[PDB]
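Remarks on the structure that follows.
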Amino acid sequence: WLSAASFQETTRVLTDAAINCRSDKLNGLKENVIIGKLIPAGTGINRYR
Amino acid sequence: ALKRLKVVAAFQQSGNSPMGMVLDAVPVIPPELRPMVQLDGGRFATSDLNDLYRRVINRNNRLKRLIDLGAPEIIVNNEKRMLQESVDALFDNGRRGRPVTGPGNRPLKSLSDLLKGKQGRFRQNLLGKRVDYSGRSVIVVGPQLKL
Amino acid sequence: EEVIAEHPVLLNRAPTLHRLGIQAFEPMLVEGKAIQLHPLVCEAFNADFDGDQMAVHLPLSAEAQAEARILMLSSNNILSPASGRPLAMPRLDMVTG
Amino acid sequence: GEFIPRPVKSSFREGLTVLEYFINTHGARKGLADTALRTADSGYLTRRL
Amino acid sequence: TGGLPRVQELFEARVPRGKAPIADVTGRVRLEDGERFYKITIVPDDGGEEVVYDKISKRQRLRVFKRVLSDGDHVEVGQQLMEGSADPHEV
Amino acid sequence: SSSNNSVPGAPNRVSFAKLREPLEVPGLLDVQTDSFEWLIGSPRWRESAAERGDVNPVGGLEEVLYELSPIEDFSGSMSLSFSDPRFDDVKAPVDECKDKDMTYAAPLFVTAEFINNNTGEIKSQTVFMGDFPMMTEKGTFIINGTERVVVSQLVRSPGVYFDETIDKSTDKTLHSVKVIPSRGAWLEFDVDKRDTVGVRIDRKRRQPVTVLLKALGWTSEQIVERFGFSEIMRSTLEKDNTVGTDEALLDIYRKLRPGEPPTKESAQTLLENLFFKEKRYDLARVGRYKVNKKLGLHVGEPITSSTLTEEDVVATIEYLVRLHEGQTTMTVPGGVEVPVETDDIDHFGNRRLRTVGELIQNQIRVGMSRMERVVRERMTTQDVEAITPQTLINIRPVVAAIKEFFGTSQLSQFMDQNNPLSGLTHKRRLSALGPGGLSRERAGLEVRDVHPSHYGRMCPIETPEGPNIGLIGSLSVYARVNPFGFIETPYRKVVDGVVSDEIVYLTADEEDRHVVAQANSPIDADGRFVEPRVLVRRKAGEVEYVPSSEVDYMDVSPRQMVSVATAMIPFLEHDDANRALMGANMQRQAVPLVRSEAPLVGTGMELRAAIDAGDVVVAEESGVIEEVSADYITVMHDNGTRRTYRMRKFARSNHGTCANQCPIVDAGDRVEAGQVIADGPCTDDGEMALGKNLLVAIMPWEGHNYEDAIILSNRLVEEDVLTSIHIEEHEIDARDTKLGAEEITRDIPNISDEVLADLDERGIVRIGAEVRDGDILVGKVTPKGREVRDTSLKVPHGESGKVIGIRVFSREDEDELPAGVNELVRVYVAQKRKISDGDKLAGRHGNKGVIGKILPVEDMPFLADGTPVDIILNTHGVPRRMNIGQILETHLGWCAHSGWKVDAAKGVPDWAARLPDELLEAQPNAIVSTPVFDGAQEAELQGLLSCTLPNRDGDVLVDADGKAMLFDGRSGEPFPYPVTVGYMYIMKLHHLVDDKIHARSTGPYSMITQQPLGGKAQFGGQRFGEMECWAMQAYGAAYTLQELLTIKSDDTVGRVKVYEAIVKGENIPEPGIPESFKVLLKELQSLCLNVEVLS
Amino acid sequence: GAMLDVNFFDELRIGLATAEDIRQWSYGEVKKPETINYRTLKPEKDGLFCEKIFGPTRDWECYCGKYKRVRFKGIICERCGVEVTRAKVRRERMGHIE
RNA sequence: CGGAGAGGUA
DNA sequence: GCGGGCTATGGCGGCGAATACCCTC
DNA sequence: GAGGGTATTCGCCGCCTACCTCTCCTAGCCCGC
Ligand SMILES: [Mg+2]
Ligand SMILES: [Zn+2]
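Chains as they are written, first to last, in the entry's author numbering: chain A, 1220 to 1268; chain B, 292 to 438; chain C, 488 to 584; chain D, 829 to 877; chain E, 1025 to 1090, 1097 to 1121; chain F, 26 to 810, 830 to 1139; chain G, -1 to 96.
This is the structure:
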């Protein structure tokens, strides 16, 4: 819900996520950027870090 | 029925209750995230949030006094309507009816607006950032440089 | 001059339409008030010299400079990721000469 | 968008007359404006992609 | 559309601009010509039932494939009858 | 012949003009002045209207008062009326208001009379209506000391407007009409598909128009009588789902004010109220004339009505249906026939010009309506025989709306004062984006265009190059606005093939009817064209040939479609529209150079562009100079009177550029009325001089002038050829505040003695001290009632230069200070900026660039005689960009600099037969002019290059081709091939590198989100945009992106620890959590969502 | 979980907040629509900026001034009722309106 | 240094 | 009478869902 | 009428990045000293 909220229609995404009580597995690139953790790409892959 | 089931199953499956749509309390954002700037000359600018919070608090106190002192159900219902409109403006101003406008007929930035648009938090403060150790000048061609 | 020696600096131009809009060069002090940009990276940055400006960014952590020196160095980025064609190719005055 | 049937008959070396210059500006301004609007649209397309 | 709007309506798969009908089954076609419409009917060479594309505007031009589309011309399972753009969903 | 005869002290600037000048360029600022003196109703406007509009000369304020008054109660027992608006002398002269901060305004008074309709008692008074901002002699309103310009607005003229959109189902015409009123209510009447005609009153549901007629009381018989030919309206009649009249009336009321008893009486009242009134709906005379012209209802009766009528609506519907089906005209009874046709809302006849007078009038109108509501309210809540005019009138709304307009409007724009031309072009701008106009984000591509009606009314060139492309035009040179608001352009009535004088100012609509002829057409001085076929804009801007009998009118000059800054480009017809636009937008950015030099190859629109811009001090009346000094000329008139002109020396413009004015006359000279008596910021002997004449080569040179860059000689730096003076304005004030006692004291708490050396006894730096960045300017303490912070104004980041002037306004000196202050000390720091690498020189043709290198004068391509070229421009920029006009300018600049002599020893040359005399021989440094579209041909340039004078010895350095044989100063060997050389006029743009260089390691940080601050002013840091994160992600660089987004921006502990790590030797610490993410979490919770970070 | 922060995150979760959760978040109630007093230029009491609800406006400084030293840390003021701690707490604590 | 508006550069 | 604080219609396309008009039982 | 199948209409969402400069950020009125 974090990536979709930051993309577009933040109100609709946030309210539907709140209704559905969605949990965001911080596994994406945009989300890891938002929380300020290493992006799972490039020199962030578990192999390389 | 399918469109309705999409919303009903959401509450059915989880332990959350649909009673969260109706509020008995309203949270107040921390002040440092809605500060007032005391420019020289007493020119204290209050964020749009503080104005709406004041509207809601005023109407809540009004309705509280009217119930405590007793009043005809018509007046109390009218005050509850005004409180409902004030809270609706606070959460999402301009969605229903005429936006609550401040000085110079401009709609106020509600809580819903801090999270929307290119100016909202998501696309302004989270994705893009401002960074130290950075500068900017005009570029000119240096032909004696190396790649 | 000793401090900035061999410390990559990421030069950025807006809009950063593609990956090569950010590239890391080696800073050299120049007398003046304008960043001097090597003419071959102009096509990559899509930058001419009619008043265009560019941002400068300095990585700090040893990890960050490793990216700036290996991943992002300009000399290592010669081919366009879109098609693989060379972007540090001579053009304009070089082609005429 | 239709072509002017005149047409422009003088090069930019001989120097265009008043009418030729005007009917050339006709098409030049559309190019500039469409360039601006299309970069605006391409930014949005790139963001979505 | 033939530019950036075309790219947008492609990647968004909206409904192009002119949803030129496409063939659904192989066999010959019994197109009839009218105004503001045609009668592009495809015989089911497979052996089922005929396909119907009638009220689709006649202003829309036909397409040439392999031979220009015409009555009696054989159209394959996905050959496009009109020309222009096809809706990505139906294909 | 030459430059001109109108200006007395015109420099002898010979012109290549072939065609004559039937008319002289009007006053360029006359639009603003003549639209404001109409507003205040000055005697000069009355005289102007006398020889034209003598039928009804009424001013803007007078019109507003007449429309408003009388103000009467419901019973009609009393009335209030206004009349004879009156102005007094301005409180202070223009310089005083600009200096202090007072607005340049004058009192406004009106005679108010109160009449009681049951006692006959009449009480009259002179009620003060506030201070009215006044217009200076140039066209600028001084507001709060700052000088502002009210930009004319291209609104849509109110009235009926048809169209012929095409449906997707029916695929027919769907003719839609909208009777666009001024401050009214839209009453569209569409032809909805399925052969149905309907209304869309206001923006509510679409009831049929037969319903509207039934509400009007119209009988179905009457409708189908006047609508008999219409099958669609007949269908809408019998198929209407409504009968009678009360049904339709109630139906309208159902949507007008839902939730109220829709009684027939109220429906009738509102039907009359919305449209047929004149206090809630006013088409305005501009709209009424448009409607009458379109429908041809009342051709003879004067316009003395601004409300709709039944005839108007029925004629609208009849025109709509006749447009439907397929008509060619209509013959509505009681009026002349008119063609049936749609409306193009781009056509300049369908969009008018809200000049400054109209805008100020509208804002006064809304203020007066606000006052009218108050006076009507107070007319019923105060006892009779105690009411007086002065006790019912509350000025507040009016004085508030005036300030609202002059402070917080899109049209009251901070004036552009980069150079004398920027202001003059600002005062003649047509901005289509204001309140009641288009929006920049929403404006499409049909408005951002050149219309064939723009010819001679709006310049097709000189448009903003960014998002305002087409929404901000410029008024052409000869154009003027008619009383309604539409623009008119001069022509030259050609009669029976004779191109006769008696210019007639046609408008766009009448321009369409006739056939206009191009002035460049070959008139043989005998009133008859040479060839019969001359191109003409036929009807809808279709250029075509025609016989001389068909031709009706003619342009005034080949130079009529272009604006004032685009007319200063030489060889404009040789540049492409894009590059000419860039050059026109660049002439408005050239900075005033310390010395000025008029172009050798200008056009001619530079003396008038300076005498009509208001920076050259044109002498008021003829006389003899008596004493001339740097700060004052004293003309001793021919009647014994002396009028001393004071020169504004080293002032600050709106953009920090110096505003030098220096006298150009001697103590014995005799000047004439209208003669230029002193130069201005960018002027040389009264002509615009925005740059310098530099020797240019057109060769590529070692790659330093690569991709639009420029190579300058060091001579331009040593000799101050391009050295601009800039001035900055630093201010600080000591507010009273609730605590009190704020004082500008010298003694700075917790300060050193050395830093305090400069400040004078009062605590203000001594004028003439070079205050470098960081130095103290005004020691100010803050007595937070010792609690005194040394918040002293200091030389801001990136400032320097001497202190040239201090202005301090003291409360003890009974000054007009803001409320709650005591002192408003202000300082000026001036700095001379030489040209350096990064500055953005640019010619007049769009050949902009940034100086890539300043070579020493030794290693420069020098001619055979040793003269080093001053500038080198790359060859690859010219042919691609289609701005060859710069090359022709270079050639003619060489010819002008060298001087020439055509040898007519045995007959004049063939190529010089039509060359004007006085141009067959020119001494060196002879300034010439090539009018914008009638200048130097190519053969004449060839010839004038063939014959030029030797320099000192009998050696011609530039051959017939125009290319010299240069010597490479860097190596010595001559360049293998000849190189194009000449003198090109280039201008130093206001895009210096000194204002753009900027860097940050650490500094101020934002408050709500702890990201750094933005902008070069408060240090600030460059933004790592969203699409600069995509590039880093694509590179795979994770750690650099992480550090950039965490420990450089909003990880406060991370930031401080990173700084400590770098200053010490320790490794760079690990990141934390973005403060922005926590802010987002708190905001999401505040919405009412229990966001949580599980583990 | 995870309270404020510290990068061991996974599965950031969102959902509707009940009045009980809202009352658990808030460190007080706001029942007076005031922002600040002009004369003293200090936060009002029980307003939208109350130091007893959101936290000190200065580092280790109570409203009344009975405590202004670091050694006094974590003690809730006996007189003014504001908790003594660092001023950054005003960014995190929330209030609620009943 | 927060908002609104205007102008401008690439 | 003056100062301070408190209150109060020139965008445009896509899309979906909240709703006019007509045949059937 | 209920009901369904079609249309019809209106509300909402979206509309490149980065940067420089400037000007305004209330008004009315009711109570208190
Ligand atoms: Mg450029
Ligand atoms: Zn305390």
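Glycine included, C-beta positions come from ideal geometry on N, C-alpha and C.
A residue is called buried when at least 16 other Cβ atoms come within 10 angstroms of its Cβ; F/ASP704 meets this threshold and is buried. By the rule that beta-carbons nearer than 8 Å mark a contact, G/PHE7 touches chain A. Using a CB distance cut-off of 8 Å, E/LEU1028 counts as an interface residue toward chain D. Any Cβ of chain F closer than 8 Å to the Cβ of A/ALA1223 would place that residue at the interface, and such an atom is absent.
When Cβ-Cβ separations below 8 Å define contact, C/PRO526 makes contact with chain F. Between the stretch 719 to 730 of chain F and the stretch 908 to 922 of chain F there are three or more C-beta pairs closer than 8 Å, enough to call the two in contact. Sixteen is the threshold: when 16 or more other Cβ atoms of the shown chains lie within 10 Å of the Cβ of E/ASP1103, as they do, the residue is buried. DSSP places F/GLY1047 in the coil class of the three-state scheme, outside both helix and strand. Interface residue (Cβ-Cβ distance to chain G less than 8 Å): B/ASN341 is classified as such. By a beta-carbon distance limit of 8 Å, F/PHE112 contacts F/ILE65. Their separation comes to about 6 Å.
By the neighbour-count criterion, in which a residue is buried when 16 or more other Cβ atoms sit within 10 angstroms of its Cβ, F/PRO706 is buried.
Taking 8 Å as the cut-off, the beta carbon of F/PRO1056 is found closer than this to the beta carbon of B/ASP423.
When the five nearest sequence neighbours on each side are left out, the beta carbons in the same chain lying within less than 6 Å of the beta carbon of F/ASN29 are those of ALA35, in order along the chain. Sorting F/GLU336, F/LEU299, F/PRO968, F/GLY382 by C-alpha distance to the C-alpha of F/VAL316 places F/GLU336 at the top. Interface annotation for the stretch 503 to 531 of chain C against chain B: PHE512, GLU513, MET515, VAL517, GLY519, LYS520, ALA521, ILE522, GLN523, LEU524, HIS525, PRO526, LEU527, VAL528, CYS529, criterion Cβ-Cβ distance under 9 Å. Residue burial annotation: C/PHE536 is buried, with at least 16 other C-beta atoms found within 10 angstroms of its C-beta. Cβ atoms of F/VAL696 and F/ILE650 come within 8 Å of each other, at about 6 Å. Here DSSP, grouped into helix, strand and coil, assigns F/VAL152 to strand.
In this structure, G/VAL80 has its beta carbon less than 7 Å from a heavy atom of ligand 2. The shortest CA-to-CA distance from E/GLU1106 to any of E/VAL1067, E/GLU1120, E/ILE1080, E/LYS1079 is the one to E/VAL1067. The distance from the Cβ of F/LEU378 to that of F/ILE594 is about 25 Å, inconsistent with a contact at the 8 Å cut-off.
Around the CB of C/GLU554, 16 or more other CB atoms lie within 10 Å, so the residue is classed as buried.
Per DSSP, reduced to three states, the secondary structure at F/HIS599 is helical. Cβ atoms of F/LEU885 and F/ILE1030 come within 8 Å of each other, at about 5 Å. Among the residues of chain B, those whose CB is under 8 Å from the CB of A/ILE1238 are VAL298, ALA301, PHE302, following chain order. Among the CB atoms of chain C, one or more fall inside 8 Å of the CB of B/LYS437.
Taking C-beta atoms as the reference points, F/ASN545 and D/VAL846 count as a pair closer than 8 Å.
Among the CB atoms of chain G, none fall inside 8 Å of the CB of A/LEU1248. Where F/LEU44 is concerned, there is no enclosing alpha helix (DSSP H), because DSSP gives it neither an H nor an E.
Counted as a single uninterrupted DSSP element, the stretch harbouring B/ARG350 is not any beta strand (DSSP E) but the alpha helix (DSSP H) occupying residues 339 to 360. By the neighbour-count definition (other C-beta atoms within 10 Å, threshold 16), F/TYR1049 is a buried residue.
Under the Cβ criterion of 8 Å, A/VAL1252 is counted among the residues facing chain F.
Think of a sphere of 7 Å around the beta carbon of A/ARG1241: the chain G residues whose beta carbon falls inside it are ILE12, in chain order.
Between the C-alpha atoms of F/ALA863 and F/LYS805 there is a straight-line separation of about 19 Å.
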